[PDB]
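# Structural characterization, general
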Amino acid sequence: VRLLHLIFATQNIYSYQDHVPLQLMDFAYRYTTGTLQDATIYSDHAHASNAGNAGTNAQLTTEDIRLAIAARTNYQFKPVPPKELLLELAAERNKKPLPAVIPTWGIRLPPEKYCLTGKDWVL
Amino acid sequence: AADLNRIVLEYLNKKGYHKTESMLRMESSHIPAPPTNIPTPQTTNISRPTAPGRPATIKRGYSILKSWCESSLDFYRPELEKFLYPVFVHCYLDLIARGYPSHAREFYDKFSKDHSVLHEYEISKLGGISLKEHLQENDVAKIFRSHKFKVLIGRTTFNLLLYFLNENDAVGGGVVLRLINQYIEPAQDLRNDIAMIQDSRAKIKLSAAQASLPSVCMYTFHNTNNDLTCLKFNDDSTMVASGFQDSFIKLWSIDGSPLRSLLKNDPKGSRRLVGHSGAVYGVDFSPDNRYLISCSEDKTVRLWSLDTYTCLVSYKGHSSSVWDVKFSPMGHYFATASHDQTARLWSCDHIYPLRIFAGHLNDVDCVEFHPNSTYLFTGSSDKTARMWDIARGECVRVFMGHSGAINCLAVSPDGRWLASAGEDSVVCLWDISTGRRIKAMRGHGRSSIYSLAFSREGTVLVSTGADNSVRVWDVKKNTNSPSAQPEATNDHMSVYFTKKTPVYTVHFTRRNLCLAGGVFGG
Amino acid sequence: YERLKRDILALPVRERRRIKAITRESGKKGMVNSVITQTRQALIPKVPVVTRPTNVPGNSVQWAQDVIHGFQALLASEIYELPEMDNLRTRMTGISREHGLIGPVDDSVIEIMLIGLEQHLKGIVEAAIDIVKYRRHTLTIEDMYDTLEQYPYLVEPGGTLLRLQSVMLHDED
Amino acid sequence: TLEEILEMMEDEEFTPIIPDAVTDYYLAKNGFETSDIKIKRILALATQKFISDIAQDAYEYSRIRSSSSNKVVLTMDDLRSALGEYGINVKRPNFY
Amino acid sequence: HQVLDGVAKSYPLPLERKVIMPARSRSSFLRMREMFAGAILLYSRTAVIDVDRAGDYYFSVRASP
Amino acid sequence: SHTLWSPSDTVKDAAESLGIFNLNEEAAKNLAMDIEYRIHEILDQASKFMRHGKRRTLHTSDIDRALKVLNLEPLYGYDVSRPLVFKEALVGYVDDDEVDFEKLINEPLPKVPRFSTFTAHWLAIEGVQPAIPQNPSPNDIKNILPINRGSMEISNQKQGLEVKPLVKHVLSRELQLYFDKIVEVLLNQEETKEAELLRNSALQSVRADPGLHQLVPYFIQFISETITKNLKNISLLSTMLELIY
Amino acid sequence: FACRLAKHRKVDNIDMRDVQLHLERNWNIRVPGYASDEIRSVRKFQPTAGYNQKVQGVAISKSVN
Amino acid sequence: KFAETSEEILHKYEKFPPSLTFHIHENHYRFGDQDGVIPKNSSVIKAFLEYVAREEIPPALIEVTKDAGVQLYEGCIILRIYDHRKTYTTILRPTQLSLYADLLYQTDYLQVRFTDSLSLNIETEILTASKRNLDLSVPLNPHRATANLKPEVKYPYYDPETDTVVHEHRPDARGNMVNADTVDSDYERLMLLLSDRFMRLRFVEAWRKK
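Residues numbered from 1 in each chain as written, not as in the entry; some residues may be left out. Chains lettered and ligands numbered in written order. Part of a larger assembly, values for the part shown. Heavy atoms only, no water. Residues with missing side-chain atoms left out of burial classes, pairs and counts.

- The PDB entry lists chain H under the name Spt20, with Komagataella phaffii as the source organism.
- Each PDB entry has a title, and for this one the record gives "Structure of SAGA bound to TBP".

- What UniProt states about chain A under its Sequence similarities (unreviewed entry) heading is, verbatim, "Belongs to the TAF9 family."
- UniProt annotates chain A under Subcellular location (unreviewed entry) with the comment "Nucleus". (UniProt positions renumbered as here; feature names shortened; annotations may be inferred.)

Structural data, given as C-alpha cells:
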C-alpha cells in the first residue's frame, strides 16, 4: 500500500525492502480481528453465552474495544518505562558492598564447578 | 529557557537546605574545569588493581634495566653486560634489608639466573642466606659495602643512560641512581644531571604538542551479505574480531597465521567462535590480551580464552538484548548495555552482577568507562546521556541535546571530555563538570555516526560514519586550551572519503596512525 | 519519489480524507500520553465518590475507608502461606472501590480465585520438577529461573521477573 | 530401549534425511559444538519426526474436507487448522 | 500538493497503556505515606473517580490538606 | 475521520470479513488510532535493531525480532527472494491478487558465495588522499549535496610531493622557535666537558616526546644539509648517528 | 480485570462470574463449577452479499481475470 | 566552598532545627507532634530503620513533608533520636528515587499542556548538576597506555605435562551439601472464646473552642 510508504516517511526510513508493508498490514489485520472478536464476546456478556438463554445482537461501542485491548496489553506491547520499579529494585541490588579485593594483575575466574571447561561434549 | 531558571530557583527556594547564598553557586554549573595535564611516568607513580571504594618498585626498576639494555644497539652490549649483576645484587640486598625477606628470596631465585656464566660460587654465597641477622652475621657483603667496586665505562653512554632514568621515576629510577651514587659513581652528580634535565625542560622539551594530521590503514570486509554488526581491533594491533548476525565470531590475524593452540591437538589465520544463540552486537578484548568478551541479543555475556580459543564462562543477569560490553581500563571489571532500559556492571570472577544502574526512559545503546575506571557513561535513544558511580549506582550527571538517538561514545585521556555521536549526525563534545557541551562539531552530512575516538594525548579526535566518510576533527579550537596554529562549520581539519563503504570503527595505535574497519567494498 | 508519491495518493479519491486529518484528534477533555502522570495516577488510591443529580441508586453509600484497609493488609510474601479467604476479601473490596464499583464481594469469588491460584502454582512446580530429575533430590532457585526462561508464557511479565533477576545472589555474601 | 539408539546412529544404517552439514550449521547458530556425530543425528531425527506429525495432521485434515467415503494441494485452510491445533498461532491473511 | 505534507501531522494514540506496578512497592509506599501523613499534620493526597463516565485515563485530585 | 488508515473501508473490510454489521463509526476511528500507534511502536523497535546492524535498508529480520521482544507472536512465511507483484483486480479496483503459486516439484541447488575476507589498502598517508589505489576521485561533487557534505583537505631524494611542504605557514609560530632552539643546542661544538651535557638532554628529549610527526621532514632536510655541508667533524657525524638512534 | 469487566456491564454493582470468564479467556484456567458462560456463537465468516462478491472477484483475478 | 560531602553535611549543617525529631522509650516509636504511637510493627518501621541505619531518606516522605513545610524544611533532613536507657542524631540523604518522587507530586496539577516527558526530563539535567559541584575527574597511568614496562604473568601458562592453568577464586561450598536455611498455652486460648479482643475527643475540642 502506498499509504504505508507515506507512513514510513514519518520516521526517515526510505530504504524498505517491499516485504515489510505486506507483513505489517497482515499483522494489523490479525491483531484487529482478535481484538474486535473478544470485544464482541464482551458485548454478548453485557447482554444477559450459555446453551440457549437469549439472543446475540451487536452494537460494539468503544468501551468493549478498550476492554479487549487492555487484556492484550496485559501480556504484550512494551509498556511505559517502568522507572520506579527499576529504581527501587536496583537500590535493593545497589546495597551490598563490592568485594574490595586484589587478584594481583591477571583475571580472576569463578571457581571450577562454576566455570565451563568447554571440552568436546561426550557421554 | 528562562522558565527553567524560574522553576529550578523556586524549587531550590523550597529546599530548606538551599538558601539564597549557595543556590547561586548551584547556578555555577557553567564554569568548566581548568586545563589539566596528563600523568606522565616522570613523577606520579602507578596504582594497584583494586576496587573503586577507598613494595616492588625495585623489581620494576630492575625490569627497566634488563629491558632498555637488550633493546639497545649492538655496540653497547659488551659494556652494560657488566652493569647488570652488581646493581642486581645491590637492589637485592636493599630490599632484603628493607623488610621483605620473602620477596627478596622470590625475586632472588627468579633473577638468580641473570649472570650464572660469570659468577659461579656467588649464587651459593647468597643462597645460604634467608634472614636479616643471617646477613648481619655474613661478612662478604659487609666488606663489599665497605669499599666500592670499580667500573670501566665511557662518558656519553652513561650520559644517555642516566638521561633515560630521569624520564621514568614512576616504577623506579630514583632508587637505582641513589644506590649508584651511593656505591660506585664510576646523588650530587645525579642532582647536577637532574638540573640538566630541567634545563632541557627550558625550551628543549616540547611544550605544546600541537595537532598532527593522522595516517590511516583501512580494512574493508568483503563477502558478508550485510551479516555483520561490529568490529573491534586489538591493543597491540594484531587481531580484528567481527561479530556476525548469526552467533559467530571470526577472529582474524593480521600479519600471518600464528593462530594455533598451545595444546597437542587442534591443528588459516581465521578462528571462528561458537557458543552463542542470537546475533552479536558488541565484542571487547582484555588489556592483558589473552581473553575475550562478547555480548548478544540472547541475554548472555560470554568469556573466551585466547591460548586455546575456547569458552570458559557464561553470564546471565539481563532481561533483554545486550548491545555493547566493555572492559575496565585495568581489567577485572566489565560492563554491559541493553534494551531493558538498565545497565549492569560485572566482575569476571563472580557470575551474577555486582551493581545495576537504572535511569533511562528507553534503551541504553552504549556504555563506556572514564580513564580512572570509577565512572560509567550510558547513552540512549531517549536523546540523553548519563554518568554513574559504580559503587553508588546512581547518576552523578546528565547531558541533554542531540535531537535524535545516540550510538557511540568516547573519553579523552585526561578527564574532561566525552564524545556523543548519534543519528542527528552532529558530533557533540561534552565537559563532565559543566554538563553543557563545550563544542558542537558540525559536519558529516545527514547520516548516523557509528564510531569515533580520541588521540593518545587528546590533541585530536576522529569521527567515523555511515555517510561513507571519515572526518578528522581538531578539538582545541575554542576549548580551555585554545591551540589554533593558523596559517558547515569549523573544527574540521580534513575528510577522507571511501569507495562507497560505510565505516564502523577506528583504533588509534600507539603511534600517529589510525586503523579502520568498514564493509561493502564497492 | 515523495512528490510523485503524494501525487499518486491524490490519484485516489481519498485525497480529501487525507486533507482533513490535519487537526489534533481525541476531541475529548483529554487523553494524556506522557509517562509520569500515567504512573502517579496509576499509583495513588482513587475514590468512587458519586453525584446525585436526580437519583443514583445502589442503596449503599460509597466509601474509601475500604481502600486504606485494603492497602494495609499483611499480603502474601511476608507470611509463608497462600492467603486464607478473609485477607483476600479485604484486599478485593479495596480494589473494587478503587476502580469505581460498589457493593460487597459475595463470598463465592474468593473461593474460585483460590482454586485457580493453586492450579497455577501446581503447574509451575510440576514444570520445575520436570526440569531437575528425568525419571533423593532437592530443588533450588536456579532451576526455577531455568524453567521461567524456557516457559515464560506461564507468568505475566512485570514486577516479579525483574525482581527475580535481582535475588540471584552468589554463594559468599 | 535407549543404548541401542546410540548403537545405531553411528553406522550408515540410520542416517537422518537432514544432512550432517545443515544440522552442523544449525547447531553452530544456536551455539553448540561437539566432536560426536550421534547427538546431531538425533536432534535431526526428532525434528524429522515433529515435521512428520504436522504432515499427518495436514493429510487427515485434508482428507476430511470433502467426499469422505487438479491434484492435491496443502493450502492455507488445511495449514491454518493444523498449525492452530498445535500451539502455532493464528494465520489470518487477507487481501486489499 | 504540499498541502497534504502539511496536513499529515496525525500524532496517533493508543487507547490504553499498561503500567508495570506490583502490589508490594505501592503498598509499602502508601502504607508509610499515610503513616507520616497522620503523624505530621481522607486527608492524604488521593484521586477522585466518579462511578459514572469512568474508563477515561487521567482523573482529578482532592488534594485535601 | 481522525488520522491515516481510513477506517471507512479498512476497519470496515476487517469487521465485515469477520461477519459483523454493527461497528459504530467512532469506534472504527479509535481502532484506526490504535493500530496506527502499534505500527509506530513496532517500527521504532525494529529501527533500534536496524542501527545495531549498522545498516539502513531495514530487512524483515528487524521486525521479526521486534515482534519477538514485544512478547508478541511471530510471523512466518516472508522470503526475500521470489519478489512481490501486487497485481490488480476490479469489481463493479481492489488492487489485490497474488498469482505466484502452482508449483509441483522443486530440485534446485543453492550456490555458496566466498567467505568473508578482508581487503586492506593504504589511505591518507599524512593528510593527502591517494587516488591511485582503491579510492575515489573528486566525484563527490556529483553526490547529493545534503549527503556527504564538507570538503576541506623523481629520485631517491623523494619525501612527498602531494603534501606541499613549501609554504612555511603550517608548522606554527611556536614550532619554528622550538626548532631553532633544538638546532642551536645541537650545533654548539665549543668544549669537551659541558657541551655534550648541554645538548644530550634535547637529544634524549626528541627521543621521547609527542606530536613530532608535524616537523619530521624539516628535520630530515636539515640533517641531510648537515651531511652534505661537512665531512670532517667527527663530532657532528657522531651526534647525528646518535640522533638517528 | 474482573472489576473493570463488571463495570462494563452498565450496572454499578458487585463482581461475580467475570473472574471465571477472565480466567477461561486470558489464562488457560477453566473452572468446571459455578458459573456457566460460553461463547454461544460460531462467529460466522460471511455477512450479507458483497464480501463473498469480493471473494469471487479476487478468485477470478487469481484464476483467469 | 564545595559542600556536597557526607560527614561535612553533618558537621557543618548543624545547630538549627528544620529537622524531624524522633522519640523512643524502648517500647514505642514516635516522631514529631504525633498524637498516636507506633509499636513494633515490622511491616513499616523496620523498612524505615533499614534505610536509616544507612543514610538514605525513604522515597515516601516527600509529599507530606512538602505540603507540611512551606520552606526551611527540605534539601535533606536530619533525625533527632534520643534514648531512655541520651540524645543522638545522624543524617539521611537522597537516592535518585526520592528525586524522582520530587517530580511526581508536581504532577497532581496541570497534567495537560505541561510537556511532561520533555520539561520534567530537562529539569534533572540542571538539578543533578547543581546538587553536585564536587566530582572527582582525575586520571592516573596504567601499565597499558605506555610502553617498555608491560609486566609478566604466570597464571595462564602451559605446563609440559598438563595443558594449561588459570586463576579461579575460592569458595567453601562443596557438592552434595546442605542447601540453605530452614523452610520457615491452650488453656488460655480456650478460656478466651468469643472475646473478640481519641476521635470523639477530637470532635468536641473544636466545639469547646467555639
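## A short note on the sheet that holds strand 3 (residues 239-244) of chain B
Residues and elements named next belong to chain B.
- Ordered by their spatial adjacency, four strands build an open sheet running 2-3-4-5, and the pairing between neighbours is antiparallel. The open sheet has two edge strands with one neighbour each: strand 2 (228-233) and strand 5 (270-273). Here the strands of the sheet are splayed against their neighbours by 20 degrees on average, with no regard to which way each runs. (Pairing = 2+ DSSP bridges. Helix = DSSP H or I, 4+ residues; strand = E, 2+ residues; numbered from the N terminus. Axes fitted to C-alpha atoms, helices over the stretch in contact; angles between N-to-C directions.)

## A short note on unusual backbone geometry
- Backbone geometry places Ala100 of chain A, a non-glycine residue, at a positive phi of 55 degrees.
- Position of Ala100 of chain A among the secondary structure elements: in the segment after helix 4 (83-93).
- The class for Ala100 of chain A is exposed, based on a relative accessible area of 56%.
- Unlike most non-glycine residues, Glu153 of chain F shows phi in positive territory, near 45 degrees.
- One can find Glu153 of chain F in the loop between strand 1 (118-123) and helix 4 (173-186). (Buried < 20%, exposed > 50% of the residue type's maximum accessible area, 1.4 Å probe, protein only.)

## Considerations on the interface of chain A and chain D
- Listed as interface residues are nine residues of chain A and, on the opposing side, twelve residues of chain D.
- Taken together, the residues of the side of chain A that touches chain D sort by class into six nonpolar, no polar and three charged. (Contact = heavy atoms within 4.5 Å. Nonpolar A, V, L, I, M, F, W, Y, C, P; charged D, E, K, R; others polar.)

## Observations regarding the interface of chain F and chain B
- Each partner contributes to the interface: chain F provides 60 residues, whereas chain B provides 76 residues.
- Of all the elements, helix 5 (residues 195-207) of chain F adds the most residues to the side of chain F that touches chain B, at eight residues.
- The pairing of strand 1 (residues 216-221) of chain B with strand 1 of chain F spans six bridges and is antiparallel. Across the sheet, the residue bridging to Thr220 of chain B is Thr119 of chain F, located in strand 1 of chain F.

## Let's talk about the sheet that holds strand 23 (residues 460-465) of chain B
Residues and elements named next belong to chain B.
- Read from one edge of the open sheet, four strands run 22-23-24-25, paired in antiparallel fashion. At either margin of the open sheet sits one strand with a lone partner, and together these are strand 22 (449-454) and strand 25 (494-497). Each strand axis lies, on average, 15 degrees off the axis of its neighbour in the sheet, ignoring direction.
- In this sheet, strand 23 lies alongside strand 22 in antiparallel orientation, the contact comprising five bridges. Its bridge partner being in strand 23, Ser451 is matched across the sheet by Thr464.

## Structural notes on a negative patch on the surface
- On the surface, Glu142, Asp146, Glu149, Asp171, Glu172 and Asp173 of chain C cluster together into a negatively charged patch.
- By secondary structure assignment, the location of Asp171 of chain C is in the segment after helix 8 (160-164). (Patch = residues over 30% accessible without salt bridge, like charges linked within 9 Å, V, L, I, M, F, W, Y side chains within 5 Å. Areas by Shrake-Rupley, 256 points an atom, 1.4 Å probe, with all protein chains shown as cover. Salt bridge = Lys/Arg side-chain N within 4 Å of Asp/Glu carboxyl O. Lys, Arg positive; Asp, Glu negative; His and termini not counted. Charge placed at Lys NZ, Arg CZ, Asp CG, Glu CD.)

## Section: the packing of helix 5 (residues 85-99) of chain C against helix 6 (residues 109-132) of chain C
Residue and element names in this part refer to chain C.
- For the pair helix 5 and helix 6, interaxial distance at closest approach is 10 Å and the crossing angle is 110 degrees. By the angle class used here, helix 5 and helix 6 are roughly perpendicular. Of helix 6, the residues touching helix 5 (which contributes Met85, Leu88, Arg89 and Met92) are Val109, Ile110, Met113 and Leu114.
- Of the residues contributing to the contact of helix 5 with helix 6, the split by class is seven nonpolar, no polar and one charged. (Parallel < 35°, antiparallel > 145°, perpendicular 65-115°, else oblique.)

## A look at the packing of aromatic side chains
- Throughout the structure, instances matching the rule amount to 41 aromatic pairs over all chains.
- Taken together, a centroid distance of 5.9 Å and an interplanar angle of 55 degrees make the contact between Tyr151 of chain C and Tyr153 of chain C tilted.
- You can call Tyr151 of chain C partly exposed: its relative accessible area is 27%.
- The positively charged end of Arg271 of chain B is found above the aromatic ring belonging to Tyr309 of chain B, 3.9 Å away from the centroid.
- Its guanidinium or amino end placed over the ring of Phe101 of chain F, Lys62 of chain G lies 3.6 Å from that ring's centre, counting from NZ or CZ. (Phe/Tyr/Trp six-rings, centres within 6.5 Å; stacked < 30°, edge-to-face > 60°. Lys NZ or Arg CZ within 6 Å of the ring centre and 35° of its normal.)

## Structural notes on the packing of helix 2 (residues 20-29) of chain D against helix 3 (residues 38-63) of chain D
Residues and elements named next belong to chain D.
- As a packed pair, helix 2 and helix 3 sit with axes 10 Å apart at the nearest point and diverge in direction by 95 degrees. With respect to helix 3, the element helix 2 is oriented roughly perpendicular. Contact residues: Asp20, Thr23, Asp24 and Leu27 in helix 2; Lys40, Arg41 and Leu43 in helix 3.
- Partitioned by chemical class, the residues of the contact of helix 2 with helix 3 number two nonpolar, one polar and four charged.

## Here we look at the environment of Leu452 of chain B
Residues and elements named next belong to chain B.
- Relative to the helices and strands, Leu452 is located in strand 22.
- What makes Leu452 buried here is its relative accessible area of 8%.
- Sequence separation of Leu452 and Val470 is 18 residues, and the distance between their C-alpha atoms is 9.2 Å.

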